[PDB]
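S.K.: What follows is the file start10.cif, containing mmCIF, C-alpha atoms; chains and numbers go by the auth columns:
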data_entry
#
loop_
_atom_site.group_PDB
_atom_site.id
_atom_site.type_symbol
_atom_site.label_atom_id
_atom_site.label_comp_id
_atom_site.label_asym_id
_atom_site.label_seq_id
_atom_site.Cartn_x
_atom_site.Cartn_y
_atom_site.Cartn_z
_atom_site.B_iso_or_equiv
_atom_site.auth_seq_id
_atom_site.auth_asym_id
ATOM 1 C CA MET A 1 -14.782 16.683 -5.217 0.00 1 A
ATOM 2 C CA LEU A 2 -11.498 17.198 -3.385 0.00 2 A
ATOM 3 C CA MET A 3 -8.582 19.599 -3.557 0.00 3 A
ATOM 4 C CA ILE A 4 -5.096 18.105 -3.229 0.00 4 A
ATOM 5 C CA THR A 5 -2.338 20.394 -4.373 0.00 5 A
ATOM 6 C CA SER A 6 -1.282 22.773 -7.059 0.00 6 A
ATOM 7 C CA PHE A 7 1.312 22.330 -9.738 0.00 7 A
ATOM 8 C CA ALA A 8 3.541 25.078 -11.077 0.00 8 A
ATOM 9 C CA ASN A 9 2.839 23.540 -14.438 0.00 9 A
ATOM 10 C CA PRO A 10 -0.366 22.017 -15.822 0.00 10 A
ATOM 11 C CA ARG A 11 1.561 19.399 -17.775 0.00 11 A
ATOM 12 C CA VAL A 12 3.264 18.761 -14.485 0.00 12 A
ATOM 13 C CA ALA A 13 -0.253 18.509 -13.205 0.00 13 A
ATOM 14 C CA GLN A 14 -1.914 16.576 -15.981 0.00 14 A
ATOM 15 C CA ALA A 15 1.100 14.289 -15.857 0.00 15 A
ATOM 16 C CA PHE A 16 0.674 13.814 -12.118 0.00 16 A
ATOM 17 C CA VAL A 17 -3.067 13.411 -12.104 0.00 17 A
ATOM 18 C CA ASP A 18 -2.656 11.338 -15.243 0.00 18 A
ATOM 19 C CA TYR A 19 -0.039 9.466 -13.296 0.00 19 A
ATOM 20 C CA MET A 20 -2.261 9.328 -10.216 0.00 20 A
ATOM 21 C CA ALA A 21 -5.061 8.437 -12.578 0.00 21 A
ATOM 22 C CA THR A 22 -2.721 5.795 -13.887 0.00 22 A
ATOM 23 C CA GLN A 23 -2.553 4.681 -10.272 0.00 23 A
ATOM 24 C CA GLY A 24 -6.315 4.715 -10.599 0.00 24 A
ATOM 25 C CA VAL A 25 -6.188 7.871 -8.547 0.00 25 A
ATOM 26 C CA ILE A 26 -8.169 10.465 -10.362 0.00 26 A
ATOM 27 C CA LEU A 27 -6.919 13.997 -10.002 0.00 27 A
ATOM 28 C CA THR A 28 -7.458 16.983 -12.252 0.00 28 A
ATOM 29 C CA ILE A 29 -6.209 20.512 -12.838 0.00 29 A
ATOM 30 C CA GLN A 30 -8.293 23.384 -11.514 0.00 30 A
ATOM 31 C CA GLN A 31 -8.043 26.603 -13.522 0.00 31 A
ATOM 32 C CA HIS A 32 -6.163 28.936 -11.175 0.00 32 A
ATOM 33 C CA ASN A 33 -2.976 31.009 -10.977 0.00 33 A
ATOM 34 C CA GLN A 34 -1.338 27.649 -10.429 0.00 34 A
ATOM 35 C CA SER A 35 -2.293 24.210 -11.726 0.00 35 A
ATOM 36 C CA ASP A 36 -4.451 23.424 -8.703 0.00 36 A
ATOM 37 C CA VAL A 37 -4.685 19.706 -8.592 0.00 37 A
ATOM 38 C CA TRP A 38 -7.911 18.291 -7.292 0.00 38 A
ATOM 39 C CA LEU A 39 -8.651 14.705 -6.349 0.00 39 A
ATOM 40 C CA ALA A 40 -11.689 12.907 -7.606 0.00 40 A
ATOM 41 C CA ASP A 41 -10.884 9.583 -6.037 0.00 41 A
ATOM 42 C CA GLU A 42 -11.453 11.149 -2.624 0.00 42 A
ATOM 43 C CA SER A 43 -10.765 7.655 -1.336 0.00 43 A
ATOM 44 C CA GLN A 44 -7.306 8.635 -2.471 0.00 44 A
ATOM 45 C CA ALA A 45 -7.430 12.136 -0.954 0.00 45 A
ATOM 46 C CA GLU A 46 -5.166 11.196 1.870 0.00 46 A
ATOM 47 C CA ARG A 47 -3.277 9.163 -0.658 0.00 47 A
ATOM 48 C CA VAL A 48 -2.951 11.767 -3.288 0.00 48 A
ATOM 49 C CA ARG A 49 -2.420 14.435 -0.700 0.00 49 A
ATOM 50 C CA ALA A 50 0.228 12.024 0.561 0.00 50 A
ATOM 51 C CA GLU A 51 1.449 10.975 -2.843 0.00 51 A
ATOM 52 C CA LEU A 52 2.422 14.510 -3.646 0.00 52 A
ATOM 53 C CA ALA A 53 5.299 14.769 -1.175 0.00 53 A
ATOM 54 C CA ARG A 54 6.213 11.267 -2.357 0.00 54 A
ATOM 55 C CA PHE A 55 5.404 12.235 -5.886 0.00 55 A
ATOM 56 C CA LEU A 56 7.663 15.229 -5.448 0.00 56 A
ATOM 57 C CA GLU A 57 10.772 13.518 -4.178 0.00 57 A
ATOM 58 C CA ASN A 58 9.745 10.281 -5.845 0.00 58 A
ATOM 59 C CA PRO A 59 7.139 10.578 -8.635 0.00 59 A
ATOM 60 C CA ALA A 60 6.909 8.062 -11.463 0.00 60 A
ATOM 61 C CA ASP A 61 6.115 5.269 -9.010 0.00 61 A
ATOM 62 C CA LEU A 62 3.900 4.810 -5.969 0.00 62 A
ATOM 63 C CA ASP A 63 6.608 3.624 -3.593 0.00 63 A
#
Kindly present the structure from the file in structure tokens form.

M.R.:
Amino acid sequence: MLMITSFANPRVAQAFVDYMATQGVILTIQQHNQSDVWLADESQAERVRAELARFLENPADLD
């Protein structure tokens, strides 16, 4: 199990992880003050962890 980021919103999160998951990159929301977003596809850790910043200024896609 891996921790990636945290989303102000869970939808934001579910959407992302769902998105990531759509990318075949399995994330998930961890019950916390903030929608902590964990990575399941640890193979994607770096990715996901990376994706975020890309996912932030450029979500929706992968590149």

S.K.: In Å to one decimal, how far is atom CA of residue 12 of chain A from atom CA of residue 56 of chain A?

M.R.: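 Separating atom CA of residue 56 of chain A from atom CA of residue 12 of chain A is a distance of 10.7 Å.
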
S.K.: List as a list in words: which residues have an atom within 8 Å of (-13.9, 11.9, -7.6), counting all atoms listed in the file?

M.R.: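 Those residues lying close to the given coordinates are residues 1, 2, 26, 27, 39, 40, 41 and 42 of chain A.
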
S.K.: What do you get, as a PyMOL selection string, if you spell out every residue that the PyMOL selection byres ((chain A and resi 14) around 9) selects here?

M.R.: chain A and resi 9-13+15-19+27-29+35+37

S.K.: For the PyMOL selection byres ((chain A and resi 33) around 10), applied here, can you spell out every residue it catches as a list in words?

M.R.: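 This file, filtered by the PyMOL selection byres ((chain A and resi 33) around 10), leaves residues 6, 7, 8, 30, 31, 32, 34, 35 and 36 of chain A.
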
S.K.: Rounded to one decimal, what separation in Å do you get between atom CA of residue 44 of chain A and atom CA of residue 25 of chain A?

M.R.: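 About the pair atom CA of residue 44 of chain A and atom CA of residue 25 of chain A: they are 6.2 Å apart.
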
S.K.: The centre and edge lengths of an axis-aligned box containing all atoms of segment 23-30 of chain A present in the file, extended by 8 Å on each side, are to be given in Å to one decimal, as JSON.

M.R.:
{"center_x": -5.4, "center_y": 14.0, "center_z": -10.7, "size_x": 21.7, "size_y": 34.7, "size_z": 20.3}

S.K.: Grab the atom CA of residue 59 of chain A to atom CA of residue 20 of chain A distance for me, in Å with one decimal place.

M.R.: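 Computing it gives 9.6 Å between the two atoms.
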
S.K.: Because the input lacks atoms here, generate N, CA, C and O atoms for segment 10-35 of chain A and report them as a PDB file, in the frame of the given file.

M.R.:
ATOM      1  N   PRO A  10       0.838  22.847 -15.559  1.00  0.00           N
ATOM      2  CA  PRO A  10      -0.366  22.017 -15.822  1.00  0.00           C
ATOM      3  C   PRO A  10       0.061  20.665 -16.359  1.00  0.00           C
ATOM      4  O   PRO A  10      -0.452  19.637 -15.945  1.00  0.00           O
ATOM      5  N   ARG A  11       1.049  20.662 -17.256  1.00  0.00           N
ATOM      6  CA  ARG A  11       1.561  19.399 -17.775  1.00  0.00           C
ATOM      7  C   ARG A  11       2.009  18.609 -16.564  1.00  0.00           C
ATOM      8  O   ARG A  11       1.600  17.470 -16.340  1.00  0.00           O
ATOM      9  N   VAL A  12       2.793  19.297 -15.746  1.00  0.00           N
ATOM     10  CA  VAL A  12       3.264  18.761 -14.485  1.00  0.00           C
ATOM     11  C   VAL A  12       2.075  18.150 -13.771  1.00  0.00           C
ATOM     12  O   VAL A  12       2.144  17.065 -13.194  1.00  0.00           O
ATOM     13  N   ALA A  13       0.988  18.898 -13.830  1.00  0.00           N
ATOM     14  CA  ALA A  13      -0.253  18.509 -13.205  1.00  0.00           C
ATOM     15  C   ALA A  13      -0.903  17.355 -13.937  1.00  0.00           C
ATOM     16  O   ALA A  13      -1.059  16.264 -13.383  1.00  0.00           O
ATOM     17  N   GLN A  14      -1.280  17.600 -15.180  1.00  0.00           N
ATOM     18  CA  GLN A  14      -1.914  16.576 -15.981  1.00  0.00           C
ATOM     19  C   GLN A  14      -1.097  15.300 -15.890  1.00  0.00           C
ATOM     20  O   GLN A  14      -1.647  14.218 -15.725  1.00  0.00           O
ATOM     21  N   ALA A  15       0.220  15.441 -15.963  1.00  0.00           N
ATOM     22  CA  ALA A  15       1.100  14.289 -15.857  1.00  0.00           C
ATOM     23  C   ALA A  15       0.884  13.595 -14.521  1.00  0.00           C
ATOM     24  O   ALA A  15       0.731  12.376 -14.463  1.00  0.00           O
ATOM     25  N   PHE A  16       0.872  14.378 -13.446  1.00  0.00           N
ATOM     26  CA  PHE A  16       0.674  13.814 -12.118  1.00  0.00           C
ATOM     27  C   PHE A  16      -0.681  13.154 -12.018  1.00  0.00           C
ATOM     28  O   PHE A  16      -0.782  11.959 -11.778  1.00  0.00           O
ATOM     29  N   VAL A  17      -1.724  13.944 -12.188  1.00  0.00           N
ATOM     30  CA  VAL A  17      -3.067  13.411 -12.104  1.00  0.00           C
ATOM     31  C   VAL A  17      -3.199  12.261 -13.080  1.00  0.00           C
ATOM     32  O   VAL A  17      -3.784  11.239 -12.754  1.00  0.00           O
ATOM     33  N   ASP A  18      -2.619  12.415 -14.273  1.00  0.00           N
ATOM     34  CA  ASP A  18      -2.656  11.338 -15.243  1.00  0.00           C
ATOM     35  C   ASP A  18      -1.941  10.163 -14.614  1.00  0.00           C
ATOM     36  O   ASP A  18      -2.410   9.027 -14.648  1.00  0.00           O
ATOM     37  N   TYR A  19      -0.811  10.472 -13.992  1.00  0.00           N
ATOM     38  CA  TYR A  19      -0.039   9.466 -13.296  1.00  0.00           C
ATOM     39  C   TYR A  19      -0.917   8.886 -12.191  1.00  0.00           C
ATOM     40  O   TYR A  19      -1.198   7.692 -12.165  1.00  0.00           O
ATOM     41  N   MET A  20      -1.382   9.753 -11.296  1.00  0.00           N
ATOM     42  CA  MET A  20      -2.261   9.328 -10.216  1.00  0.00           C
ATOM     43  C   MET A  20      -3.397   8.525 -10.818  1.00  0.00           C
ATOM     44  O   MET A  20      -3.724   7.428 -10.364  1.00  0.00           O
ATOM     45  N   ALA A  21      -3.975   9.082 -11.870  1.00  0.00           N
ATOM     46  CA  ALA A  21      -5.061   8.437 -12.578  1.00  0.00           C
ATOM     47  C   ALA A  21      -4.587   7.090 -13.084  1.00  0.00           C
ATOM     48  O   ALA A  21      -5.344   6.117 -13.100  1.00  0.00           O
ATOM     49  N   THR A  22      -3.312   7.026 -13.443  1.00  0.00           N
ATOM     50  CA  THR A  22      -2.721   5.795 -13.887  1.00  0.00           C
ATOM     51  C   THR A  22      -2.743   4.848 -12.696  1.00  0.00           C
ATOM     52  O   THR A  22      -3.027   3.656 -12.826  1.00  0.00           O
ATOM     53  N   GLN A  23      -2.503   5.429 -11.518  1.00  0.00           N
ATOM     54  CA  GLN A  23      -2.553   4.681 -10.272  1.00  0.00           C
ATOM     55  C   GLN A  23      -4.007   4.413  -9.927  1.00  0.00           C
ATOM     56  O   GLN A  23      -4.323   3.843  -8.880  1.00  0.00           O
ATOM     57  N   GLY A  24      -4.889   4.866 -10.807  1.00  0.00           N
ATOM     58  CA  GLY A  24      -6.315   4.715 -10.599  1.00  0.00           C
ATOM     59  C   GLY A  24      -6.803   5.799  -9.658  1.00  0.00           C
ATOM     60  O   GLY A  24      -7.939   5.781  -9.188  1.00  0.00           O
ATOM     61  N   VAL A  25      -5.916   6.741  -9.408  1.00  0.00           N
ATOM     62  CA  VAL A  25      -6.188   7.871  -8.547  1.00  0.00           C
ATOM     63  C   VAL A  25      -6.473   9.068  -9.417  1.00  0.00           C
ATOM     64  O   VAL A  25      -5.580   9.643 -10.029  1.00  0.00           O
ATOM     65  N   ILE A  26      -7.738   9.391  -9.509  1.00  0.00           N
ATOM     66  CA  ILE A  26      -8.169  10.465 -10.362  1.00  0.00           C
ATOM     67  C   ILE A  26      -7.990  11.844  -9.754  1.00  0.00           C
ATOM     68  O   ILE A  26      -8.678  12.217  -8.803  1.00  0.00           O
ATOM     69  N   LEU A  27      -7.130  12.618 -10.387  1.00  0.00           N
ATOM     70  CA  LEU A  27      -6.919  13.997 -10.002  1.00  0.00           C
ATOM     71  C   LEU A  27      -7.430  14.843 -11.148  1.00  0.00           C
ATOM     72  O   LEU A  27      -8.128  14.333 -12.021  1.00  0.00           O
ATOM     73  N   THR A  28      -7.053  16.099 -11.179  1.00  0.00           N
ATOM     74  CA  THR A  28      -7.458  16.983 -12.252  1.00  0.00           C
ATOM     75  C   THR A  28      -6.874  18.359 -11.975  1.00  0.00           C
ATOM     76  O   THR A  28      -6.529  18.667 -10.835  1.00  0.00           O
ATOM     77  N   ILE A  29      -6.762  19.178 -13.004  1.00  0.00           N
ATOM     78  CA  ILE A  29      -6.209  20.512 -12.838  1.00  0.00           C
ATOM     79  C   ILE A  29      -7.326  21.537 -12.745  1.00  0.00           C
ATOM     80  O   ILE A  29      -8.200  21.591 -13.608  1.00  0.00           O
ATOM     81  N   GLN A  30      -7.284  22.352 -11.702  1.00  0.00           N
ATOM     82  CA  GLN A  30      -8.293  23.384 -11.514  1.00  0.00           C
ATOM     83  C   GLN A  30      -7.748  24.712 -12.030  1.00  0.00           C
ATOM     84  O   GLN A  30      -6.666  25.141 -11.630  1.00  0.00           O
ATOM     85  N   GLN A  31      -8.483  25.341 -12.941  1.00  0.00           N
ATOM     86  CA  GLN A  31      -8.043  26.603 -13.522  1.00  0.00           C
ATOM     87  C   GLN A  31      -7.808  27.655 -12.441  1.00  0.00           C
ATOM     88  O   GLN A  31      -8.754  28.204 -11.876  1.00  0.00           O
ATOM     89  N   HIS A  32      -6.543  27.938 -12.175  1.00  0.00           N
ATOM     90  CA  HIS A  32      -6.163  28.936 -11.175  1.00  0.00           C
ATOM     91  C   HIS A  32      -4.800  29.510 -11.534  1.00  0.00           C
ATOM     92  O   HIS A  32      -4.198  29.105 -12.531  1.00  0.00           O
ATOM     93  N   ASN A  33      -4.295  30.431 -10.714  1.00  0.00           N
ATOM     94  CA  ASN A  33      -2.976  31.009 -10.977  1.00  0.00           C
ATOM     95  C   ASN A  33      -1.974  29.882 -11.141  1.00  0.00           C
ATOM     96  O   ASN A  33      -1.042  29.966 -11.943  1.00  0.00           O
ATOM     97  N   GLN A  34      -2.192  28.822 -10.377  1.00  0.00           N
ATOM     98  CA  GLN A  34      -1.338  27.649 -10.429  1.00  0.00           C
ATOM     99  C   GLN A  34      -2.192  26.435 -10.777  1.00  0.00           C
ATOM    100  O   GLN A  34      -3.394  26.421 -10.511  1.00  0.00           O
ATOM    101  N   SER A  35      -1.575  25.422 -11.360  1.00  0.00           N
ATOM    102  CA  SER A  35      -2.293  24.210 -11.726  1.00  0.00           C
ATOM    103  C   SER A  35      -2.809  23.502 -10.484  1.00  0.00           C
ATOM    104  O   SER A  35      -2.273  22.466 -10.086  1.00  0.00           O
TER     105      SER A  35
END
